[PDB]
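Notes follow once the structure below has been shown.
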Amino acid sequence: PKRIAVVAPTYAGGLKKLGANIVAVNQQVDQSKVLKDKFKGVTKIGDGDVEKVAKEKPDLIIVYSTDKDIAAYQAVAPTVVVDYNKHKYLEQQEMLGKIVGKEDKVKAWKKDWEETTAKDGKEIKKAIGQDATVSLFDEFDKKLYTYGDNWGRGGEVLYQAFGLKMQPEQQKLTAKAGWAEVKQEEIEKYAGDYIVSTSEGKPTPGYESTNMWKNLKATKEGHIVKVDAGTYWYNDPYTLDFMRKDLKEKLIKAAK
Ligand SMILES: [Zn+2]
Ligand SMILES: [Zn+2]
Ligand SMILES: [Zn+2]
Ligand SMILES: [Zn+2]
Ligand SMILES: [Zn+2]
Ligand SMILES: [Zn+2]
Ligand SMILES: [Zn+2]
Ligand SMILES: [Zn+2]
Ligand SMILES: [Zn+2]
Ligand SMILES: [Zn+2]
Ligand SMILES: [Zn+2]
Ligand SMILES: [Zn+2]
Ligand SMILES: [Zn+2]
Ligand SMILES: [Zn+2]
């Protein structure tokens, strides 16, 4: 029952899934309608909350490689420092399987996940077309963002699992960093056949009100797929299975 403090929110759902003794978890899991329920009764910390982490007495601390309080956590407990960029969503769960020694439980999760989504992918393409493209549009702080195949927002399900085709210019732009800000008037340039927009529940965003948005072919064909932003930030086994179910139905229904 080794006590883990998960400061980096990327790896919270993957450890919970494997049954880790998470005694502390990043506050930001509360934004996910999948993960909030999984972590009720678990202490919420934010960045800088070293004593909040310390007080729950962790045997292990998990932080990002860009976390500034690493030396502070090193004084509290053994700190596993994780470079996000180093592993993709499946390899990332393999790593968490090592942390808790459930490496064989992950190999079975991976196999079933890959089987189901590949088979899902053949089905999705049957409705929308083999080379039908999907775009990612995400607003935060009134800025517009798009992503590669491994930066949340459904990308790892859409492009890796399902094998759907990524919008040609979105792929070029995000090939470098995995993410990129989009000029609200170059939005037509990155729009694809289908659009995943993280504006579910959100008041009609600035980019969903422009006349260029109303004139996109995806909008015209009713191919806008709206999803909750906070829920779609993640790429954990809990989130993955939800997005799998959610994206499949919303895309197929969009296909008339
Ligand atoms: Zn806090
Ligand atoms: Zn202990
Ligand atoms: Zn951190
Ligand atoms: Zn790693
Ligand atoms: Zn790196
Ligand atoms: Zn592997
Ligand atoms: Zn192992
Ligand atoms: Zn089926
Ligand atoms: Zn083709
Ligand atoms: Zn906003
Ligand atoms: Zn601001
Ligand atoms: Zn890819
Ligand atoms: Zn079309
Ligand atoms: Zn939703």
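A note on labels: chains of the structure tokens are A, B, ... as shown, every chain counts residues from 1, and ligands are counted from 1 in their shown order.
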
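Every protein, DNA or RNA residue with an atom at most 9 Å from residue 11 (chain A), where only C-alpha atoms count and chain neighbours fewer than 5 positions away do not, is listed here: residues 6, 16, 62, 92, 93, 96, 234, 235 and 236 of chain A.
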
Could you save those same residues with N, CA and C atoms as an mmCIF file, in the first residue's frame?
data_model
loop_
_atom_site.group_PDB
_atom_site.id
_atom_site.type_symbol
_atom_site.label_atom_id
_atom_site.label_comp_id
_atom_site.auth_asym_id
_atom_site.auth_seq_id
_atom_site.Cartn_x
_atom_site.Cartn_y
_atom_site.Cartn_z
ATOM 1 N N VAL A 6 0.408 12.271 -6.463
ATOM 2 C CA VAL A 6 0.437 12.583 -7.888
ATOM 3 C C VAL A 6 0.211 14.070 -8.149
ATOM 4 N N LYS A 16 -4.667 5.441 -10.531
ATOM 5 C CA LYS A 16 -5.957 5.082 -9.945
ATOM 6 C C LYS A 16 -6.525 3.820 -10.585
ATOM 7 N N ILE A 62 5.124 12.046 -7.804
ATOM 8 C CA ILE A 62 5.203 12.070 -9.259
ATOM 9 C C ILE A 62 4.982 13.486 -9.773
ATOM 10 N N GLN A 92 3.089 5.336 -21.949
ATOM 11 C CA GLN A 92 2.954 6.068 -20.696
ATOM 12 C C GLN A 92 2.271 5.223 -19.620
ATOM 13 N N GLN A 93 1.287 4.427 -20.028
ATOM 14 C CA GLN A 93 0.593 3.536 -19.105
ATOM 15 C C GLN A 93 1.468 2.335 -18.745
ATOM 16 N N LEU A 96 3.590 3.537 -15.821
ATOM 17 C CA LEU A 96 2.826 3.499 -14.578
ATOM 18 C C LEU A 96 2.657 2.070 -14.071
ATOM 19 N N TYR A 234 -7.314 14.943 -20.610
ATOM 20 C CA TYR A 234 -6.579 13.760 -20.174
ATOM 21 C C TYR A 234 -6.437 12.659 -21.225
ATOM 22 N N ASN A 235 -5.545 11.714 -20.941
ATOM 23 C CA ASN A 235 -5.317 10.557 -21.799
ATOM 24 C C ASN A 235 -5.095 9.284 -20.981
ATOM 25 N N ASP A 236 -5.734 9.230 -19.816
ATOM 26 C CA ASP A 236 -5.658 8.077 -18.923
ATOM 27 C C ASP A 236 -6.684 7.009 -19.311
#

**Asked** Can I get the residues close to ligand 3 as a PyMOL selection string, where close means within 12 Å and we count only C-alpha atoms and all ligand atoms?
**Response** chain A and resi 5-12+25-28+45-50+53+61-70+72-73+79-84

Take the selection from the previous step and output its residues with C-alpha atoms, as a compact mmCIF listing (two decimals), in the first residue's frame.
# COMPACT_ATOMS: atom_id res chain seq x y z
CA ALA A 5 1.37 11.75 -4.30
CA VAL A 6 0.44 12.58 -7.89
CA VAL A 7 1.24 16.25 -8.53
CA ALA A 8 1.34 15.79 -12.31
CA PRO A 9 -2.31 15.33 -13.42
CA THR A 10 -1.39 13.35 -16.55
CA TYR A 11 -0.63 10.24 -14.50
CA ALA A 12 -3.44 10.38 -11.92
CA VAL A 25 -3.66 14.28 -6.29
CA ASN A 26 -3.54 17.44 -8.40
CA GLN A 27 -6.64 19.62 -7.96
CA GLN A 28 -7.17 19.72 -11.73
CA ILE A 45 -2.97 19.87 -4.26
CA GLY A 46 -1.93 22.49 -6.80
CA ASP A 47 1.50 23.59 -7.98
CA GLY A 48 3.62 24.81 -5.08
CA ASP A 49 1.63 22.91 -2.46
CA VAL A 50 4.74 21.15 -1.13
CA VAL A 53 1.89 17.02 -0.33
CA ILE A 61 5.96 11.75 -5.54
CA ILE A 62 5.20 12.07 -9.26
CA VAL A 63 5.93 15.41 -10.93
CA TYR A 64 6.59 16.86 -14.38
CA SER A 65 10.16 17.39 -15.56
CA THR A 66 9.44 21.13 -15.71
CA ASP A 67 8.17 21.27 -12.13
CA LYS A 68 10.06 23.96 -10.21
CA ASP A 69 9.68 22.45 -6.74
CA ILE A 70 11.47 19.18 -7.54
CA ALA A 72 11.58 20.46 -2.40
CA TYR A 73 9.78 17.19 -3.12
CA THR A 79 10.48 11.79 -6.46
CA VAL A 80 9.82 10.19 -9.83
CA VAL A 81 10.37 12.92 -12.41
CA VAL A 82 8.51 12.30 -15.66
CA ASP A 83 9.19 13.95 -19.00
CA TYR A 84 5.78 14.13 -20.68

**Item:** Protein and nucleic residues near ligand 6, 8 Å, only C-alpha atoms and all ligand atoms, as an NGL selection string
**Value:** :A and (90-91 or 94)

Go ahead and save the residues from that selection, with C-alpha atoms, as a PDB file, in the first residue's frame.
ATOM      1  CA  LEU A  90       0.192   3.643 -24.447  1.00  0.00           C
ATOM      2  CA  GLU A  91       3.861   3.609 -23.446  1.00  0.00           C
ATOM      3  CA  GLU A  94       3.311   0.889 -19.420  1.00  0.00           C
TER       4      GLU A  94
END

Give one line per residue of chain A that approaches ligand 7 to at most 7 Å, naming the two atoms of the closest pair and their distance in Å to one decimal, counting only C-alpha atoms and all ligand atoms; sort by chain then ascending residue number and deliver it as CSV.
residue,atom,partner,partner_atom_place_in_ligand_line,distance
A:97,CA,ligand 7,1 (Zn),6.7
A:98,CA,ligand 7,1 (Zn),4.6
A:101,CA,ligand 7,1 (Zn),4.4
A:102,CA,ligand 7,1 (Zn),6.1
A:103,CA,ligand 7,1 (Zn),4.7

List as a PDB file with C-alpha atoms, in the first residue's frame the protein and nucleic acid residues lying within 9 Å of ligand 13, with only C-alpha atoms and all ligand atoms counted.
ATOM      1  CA  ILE A 128     -17.408   8.931 -42.665  1.00  0.00           C
ATOM      2  CA  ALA A 132     -12.037  11.775 -43.829  1.00  0.00           C
ATOM      3  CA  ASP A 193     -14.030  17.330 -42.646  1.00  0.00           C
ATOM      4  CA  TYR A 194     -14.989  16.802 -39.007  1.00  0.00           C
ATOM      5  CA  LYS A 217     -17.750  22.893 -44.552  1.00  0.00           C
ATOM      6  CA  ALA A 218     -17.800  20.877 -41.324  1.00  0.00           C
ATOM      7  CA  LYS A 220     -22.325  23.315 -42.991  1.00  0.00           C
ATOM      8  CA  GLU A 221     -22.392  19.510 -43.048  1.00  0.00           C
ATOM      9  CA  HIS A 223     -19.796  17.740 -38.579  1.00  0.00           C
ATOM     10  CA  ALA A 255     -22.317  11.530 -40.609  1.00  0.00           C
TER      11      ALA A 255
END

**Asked** Quick one: DSSP helix (DSSP H, G or I) residues in region 21-115 of chain A, as number ranges by chain?
**Response** A: 27-31, 37-39, 50-55, 70-76, 84-86, 89-99, 103-115

Saved selection, atoms kept: N, CA and C atoms, as a short mmCIF file (atom, residue, chain, number, x, y, z; two decimals), in the first residue's frame:
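In the end it all went to result.cif:
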data_model
loop_
_atom_site.label_atom_id
_atom_site.label_comp_id
_atom_site.auth_asym_id
_atom_site.auth_seq_id
_atom_site.Cartn_x
_atom_site.Cartn_y
_atom_site.Cartn_z
N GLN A 27 -5.28 19.08 -8.00
CA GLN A 27 -6.64 19.62 -7.96
C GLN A 27 -7.38 19.55 -9.30
N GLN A 28 -6.61 19.59 -10.38
CA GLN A 28 -7.17 19.72 -11.73
C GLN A 28 -7.97 18.51 -12.23
N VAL A 29 -7.91 17.40 -11.50
CA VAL A 29 -8.72 16.23 -11.84
C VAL A 29 -10.20 16.50 -11.62
N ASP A 30 -10.51 17.53 -10.84
CA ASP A 30 -11.89 17.89 -10.54
C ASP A 30 -12.61 18.48 -11.75
N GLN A 31 -11.85 18.92 -12.74
CA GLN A 31 -12.44 19.47 -13.96
C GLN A 31 -12.92 18.38 -14.90
N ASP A 37 -15.03 12.18 -9.94
CA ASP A 37 -15.70 11.15 -9.17
C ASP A 37 -14.69 10.14 -8.60
N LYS A 38 -13.63 9.88 -9.35
CA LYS A 38 -12.65 8.87 -8.96
C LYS A 38 -11.77 9.32 -7.79
N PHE A 39 -11.74 10.62 -7.53
CA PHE A 39 -10.80 11.17 -6.56
C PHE A 39 -11.47 11.98 -5.45
N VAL A 50 3.77 22.14 -1.61
CA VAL A 50 4.74 21.15 -1.13
C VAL A 50 4.37 20.60 0.24
N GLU A 51 3.90 21.48 1.13
CA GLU A 51 3.51 21.05 2.47
C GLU A 51 2.21 20.28 2.45
N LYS A 52 1.31 20.65 1.54
CA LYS A 52 0.08 19.89 1.36
C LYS A 52 0.41 18.46 0.94
N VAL A 53 1.40 18.33 0.07
CA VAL A 53 1.89 17.02 -0.33
C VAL A 53 2.61 16.32 0.82
N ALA A 54 3.51 17.06 1.47
CA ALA A 54 4.28 16.55 2.61
C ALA A 54 3.41 16.01 3.74
N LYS A 55 2.37 16.76 4.09
CA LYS A 55 1.50 16.43 5.22
C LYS A 55 0.75 15.10 5.09
N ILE A 70 10.95 20.55 -7.56
CA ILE A 70 11.47 19.18 -7.54
C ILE A 70 12.39 18.91 -6.35
N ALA A 71 13.30 19.84 -6.08
CA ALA A 71 14.25 19.67 -4.99
C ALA A 71 13.54 19.71 -3.64
N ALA A 72 12.40 20.40 -3.60
CA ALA A 72 11.58 20.46 -2.40
C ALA A 72 10.89 19.13 -2.16
N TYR A 73 10.44 18.49 -3.23
CA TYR A 73 9.78 17.19 -3.12
C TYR A 73 10.79 16.10 -2.81
N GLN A 74 12.02 16.30 -3.28
CA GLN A 74 13.10 15.34 -3.03
C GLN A 74 13.40 15.23 -1.54
N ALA A 75 13.15 16.32 -0.82
CA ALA A 75 13.37 16.35 0.63
C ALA A 75 12.24 15.64 1.37
N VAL A 76 11.06 15.64 0.75
CA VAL A 76 9.87 15.04 1.36
C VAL A 76 9.83 13.53 1.16
N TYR A 84 7.00 14.42 -19.92
CA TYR A 84 5.78 14.13 -20.68
C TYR A 84 6.06 13.72 -22.12
N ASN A 85 6.95 14.46 -22.77
CA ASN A 85 7.26 14.27 -24.18
C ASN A 85 7.89 12.91 -24.52
N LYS A 86 8.40 12.22 -23.50
CA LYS A 86 9.20 11.02 -23.74
C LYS A 86 8.39 9.79 -24.19
N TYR A 89 0.81 7.83 -25.24
CA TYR A 89 -0.22 7.44 -24.29
C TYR A 89 -0.26 5.96 -23.88
N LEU A 90 0.16 5.07 -24.77
CA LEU A 90 0.19 3.64 -24.45
C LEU A 90 1.46 3.28 -23.68
N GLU A 91 2.58 3.83 -24.11
CA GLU A 91 3.86 3.61 -23.45
C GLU A 91 3.86 4.26 -22.07
N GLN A 92 3.09 5.34 -21.95
CA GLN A 92 2.95 6.07 -20.70
C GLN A 92 2.27 5.22 -19.62
N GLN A 93 1.29 4.43 -20.03
CA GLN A 93 0.59 3.54 -19.10
C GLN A 93 1.47 2.34 -18.75
N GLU A 94 2.33 1.94 -19.68
CA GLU A 94 3.31 0.89 -19.42
C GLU A 94 4.25 1.31 -18.30
N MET A 95 4.61 2.59 -18.29
CA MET A 95 5.50 3.14 -17.27
C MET A 95 4.85 3.12 -15.89
N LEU A 96 3.59 3.54 -15.82
CA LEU A 96 2.83 3.50 -14.58
C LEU A 96 2.66 2.07 -14.07
N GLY A 97 2.65 1.12 -15.00
CA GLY A 97 2.57 -0.29 -14.64
C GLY A 97 3.85 -0.76 -13.96
N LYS A 98 4.95 -0.08 -14.27
CA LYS A 98 6.23 -0.38 -13.63
C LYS A 98 6.27 0.21 -12.23
N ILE A 99 5.82 1.45 -12.10
CA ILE A 99 5.76 2.15 -10.82
C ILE A 99 5.06 1.33 -9.74
N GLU A 103 2.82 -4.48 -14.34
CA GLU A 103 3.21 -4.36 -15.74
C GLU A 103 2.42 -5.32 -16.62
N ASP A 104 1.99 -6.44 -16.05
CA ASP A 104 1.29 -7.46 -16.81
C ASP A 104 -0.18 -7.09 -16.96
N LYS A 105 -0.68 -6.28 -16.03
CA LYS A 105 -2.06 -5.82 -16.07
C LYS A 105 -2.24 -4.77 -17.17
N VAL A 106 -1.15 -4.08 -17.50
CA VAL A 106 -1.17 -3.06 -18.54
C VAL A 106 -1.11 -3.69 -19.93
N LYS A 107 -0.32 -4.75 -20.06
CA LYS A 107 -0.17 -5.45 -21.33
C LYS A 107 -1.50 -6.06 -21.78
N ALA A 108 -2.38 -6.32 -20.82
CA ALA A 108 -3.70 -6.86 -21.11
C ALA A 108 -4.67 -5.73 -21.41
N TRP A 109 -4.49 -4.60 -20.74
CA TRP A 109 -5.30 -3.41 -21.00
C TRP A 109 -4.99 -2.86 -22.39
N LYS A 110 -3.71 -2.76 -22.70
CA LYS A 110 -3.25 -2.27 -24.00
C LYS A 110 -3.79 -3.11 -25.15
N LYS A 111 -3.67 -4.43 -25.01
CA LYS A 111 -4.13 -5.36 -26.03
C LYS A 111 -5.62 -5.24 -26.31
N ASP A 112 -6.42 -5.13 -25.25
CA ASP A 112 -7.86 -5.03 -25.40
C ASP A 112 -8.26 -3.66 -25.95
N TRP A 113 -7.60 -2.62 -25.46
CA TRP A 113 -7.82 -1.26 -25.94
C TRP A 113 -7.52 -1.12 -27.43
N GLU A 114 -6.36 -1.64 -27.85
CA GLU A 114 -5.95 -1.55 -29.24
C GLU A 114 -6.86 -2.36 -30.16
N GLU A 115 -7.28 -3.53 -29.68
CA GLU A 115 -8.18 -4.38 -30.45
C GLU A 115 -9.52 -3.70 -30.69
#

**Asked** Got a sec to check which residues lie within 9 Å of ligand 9, using only C-alpha atoms and all ligand atoms, and send them as a list in words?
**Response** residues 130, 131, 132 and 165 of chain A

**Request:** Using backbone DSSP assignments, extract all strand (DSSP E) residues from region 8-248 of chain A; output them as JSON, numbers by chain.
**Result:** {"A": [21, 22, 23, 24, 25, 26, 43, 44, 45, 60, 61, 62, 63, 64, 79, 80, 81, 82, 133, 134, 135, 136, 137, 138, 139, 140, 143, 144, 145, 146, 147, 165, 166, 179, 180, 181, 194, 195, 196, 197, 224, 225, 226]}

**Prompt:** Using only C-alpha atoms, which of A:148, A:163, A:19, A:205 sits nearest residue 179 (chain A)?
**Reply:**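 Under the stated criterion, the closest residue is A:148.
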
**Request:** Name the residues in contact with residue 197 (chain A) at a cut-off of 12 Å, using only C-alpha atoms, excluding same-chain residues fewer than 6 positions from it; report them as a PyMOL selection string.
**Result:** chain A and resi 134-140+144-147+153-155+191+204-205+207-208+213+218-219+223-229+232+247+250

Return as CSV the residues of chain A lying at most 9 Å from ligand 11, together with the closest atom-to-atom pair for each and the distance in Å to one decimal, counting only C-alpha atoms and all ligand atoms, with rows in chain order and ascending residue number.
residue,atom,partner,partner_atom_place_in_ligand_line,distance
A:140,CA,ligand 11,1 (Zn),8.5
A:141,CA,ligand 11,1 (Zn),4.9
A:142,CA,ligand 11,1 (Zn),7.2
A:143,CA,ligand 11,1 (Zn),8.4

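Of the listed residues A:150, A:169, A:36, A:3, the one whose atoms come nearest to residue 23 (chain A) is A:3, with distances taken using only C-alpha atoms.
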
**Request:** Dump the neighbourhood of ligand 12 as a list in words: all residues within 7 Å, distances computed on only C-alpha atoms and all ligand atoms.
**Result:** residues 149, 159 and 160 of chain A

Output the selection as a PDB file, in the first residue's frame - N, CA and C atoms for each residue.
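Dumped everything to again11.pdb:
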ATOM      1  N   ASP A 149      -1.025  14.181 -32.176  1.00  0.00           N
ATOM      2  CA  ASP A 149      -1.694  12.919 -31.865  1.00  0.00           C
ATOM      3  C   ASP A 149      -1.549  12.480 -30.407  1.00  0.00           C
ATOM      4  N   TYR A 159      -6.475   9.675 -33.687  1.00  0.00           N
ATOM      5  CA  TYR A 159      -5.421   9.492 -34.686  1.00  0.00           C
ATOM      6  C   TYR A 159      -4.592   8.218 -34.528  1.00  0.00           C
ATOM      7  N   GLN A 160      -4.387   7.786 -33.289  1.00  0.00           N
ATOM      8  CA  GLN A 160      -3.572   6.605 -33.023  1.00  0.00           C
ATOM      9  C   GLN A 160      -4.427   5.345 -32.901  1.00  0.00           C
TER      10      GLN A 160
END

Each residue of chain A with at least one atom at most 8 Å from ligand 2 should appear once, together with its nearest atom pair and the corresponding distance in Å (one decimal); atoms considered: only C-alpha atoms and all ligand atoms; ordering: chain, then increasing residue number; output as a Markdown table.
| residue | atom | partner | partner_atom_place_in_ligand_line | distance |
| --- | --- | --- | --- | --- |
| A:2 | CA | ligand 2 | 1 (Zn) | 6.6 |
| A:3 | CA | ligand 2 | 1 (Zn) | 6.2 |
| A:57 | CA | ligand 2 | 1 (Zn) | 6.7 |
| A:58 | CA | ligand 2 | 1 (Zn) | 6.5 |
| A:59 | CA | ligand 2 | 1 (Zn) | 5.2 |

If you count only C-alpha atoms and all ligand atoms, which residues end up within 9 Å of ligand 8, as a CSV table (one decimal) with N, CA and C atoms, in the first residue's frame?
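Once written, pocket36.csv looks like this:
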chain,number,residue,atom,x,y,z
A,116,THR,N,-10.1,-3.2,-29.6
A,116,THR,CA,-11.4,-2.6,-29.7
A,116,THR,C,-11.4,-1.3,-30.5
A,119,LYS,N,-10.9,-1.9,-34.3
A,119,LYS,CA,-12.1,-2.4,-34.8
A,119,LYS,C,-13.2,-1.3,-34.9
A,120,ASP,N,-13.1,-0.4,-33.9
A,120,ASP,CA,-13.9,0.8,-33.9
A,120,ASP,C,-13.6,1.6,-35.1
A,123,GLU,N,-15.1,0.7,-38.3
A,123,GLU,CA,-16.5,1.1,-38.3
A,123,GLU,C,-16.8,2.6,-38.5

**Prompt:** Which polymer residues have any atom within 8 Å of an atom of residue 238 (chain A), counting only C-alpha atoms, with same-chain residues fewer than 3 positions away left out, as a ChimeraX atom specification?
**Reply:** /A:13-14,17,34-35,241-242

I need the residues from that last selection saved to file as a PDB file, in the first residue's frame (with N, CA and C atoms), if you can.
ATOM      1  N   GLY A  13      -5.062   9.347 -13.394  1.00  0.00           N
ATOM      2  CA  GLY A  13      -6.052   8.364 -13.793  1.00  0.00           C
ATOM      3  C   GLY A  13      -5.460   7.006 -14.115  1.00  0.00           C
ATOM      4  N   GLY A  14      -4.205   6.994 -14.553  1.00  0.00           N
ATOM      5  CA  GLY A  14      -3.528   5.751 -14.875  1.00  0.00           C
ATOM      6  C   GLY A  14      -3.129   4.969 -13.638  1.00  0.00           C
ATOM      7  N   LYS A  17      -6.462   3.768 -11.912  1.00  0.00           N
ATOM      8  CA  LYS A  17      -6.892   2.604 -12.679  1.00  0.00           C
ATOM      9  C   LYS A  17      -6.197   1.327 -12.212  1.00  0.00           C
ATOM     10  N   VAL A  34     -15.016  12.643 -15.610  1.00  0.00           N
ATOM     11  CA  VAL A  34     -14.693  11.237 -15.444  1.00  0.00           C
ATOM     12  C   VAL A  34     -13.842  11.046 -14.191  1.00  0.00           C
ATOM     13  N   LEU A  35     -12.906  11.962 -13.964  1.00  0.00           N
ATOM     14  CA  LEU A  35     -11.891  11.783 -12.927  1.00  0.00           C
ATOM     15  C   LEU A  35     -12.272  12.378 -11.573  1.00  0.00           C
ATOM     16  N   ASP A 241     -11.382   5.444 -22.395  1.00  0.00           N
ATOM     17  CA  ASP A 241     -12.555   4.616 -22.648  1.00  0.00           C
ATOM     18  C   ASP A 241     -13.811   5.460 -22.838  1.00  0.00           C
ATOM     19  N   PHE A 242     -13.876   6.593 -22.143  1.00  0.00           N
ATOM     20  CA  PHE A 242     -14.997   7.518 -22.288  1.00  0.00           C
ATOM     21  C   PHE A 242     -14.978   8.198 -23.649  1.00  0.00           C
TER      22      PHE A 242
END

**Asked** Quick one, how far is CA of residue 253 (chain A) from CA of residue 121 (chain A)?
**Response** 14.9 Å

**Asked** Can you tell me how far CA of residue 18 (chain A) sits from CA of residue 100 (chain A), in Å to one decimal?
**Response** 7.7 Å

**From A:251, A:42, A:175, A:240, residue lying nearest residue 161 (chain A) [only C-alpha atoms]** = A:240
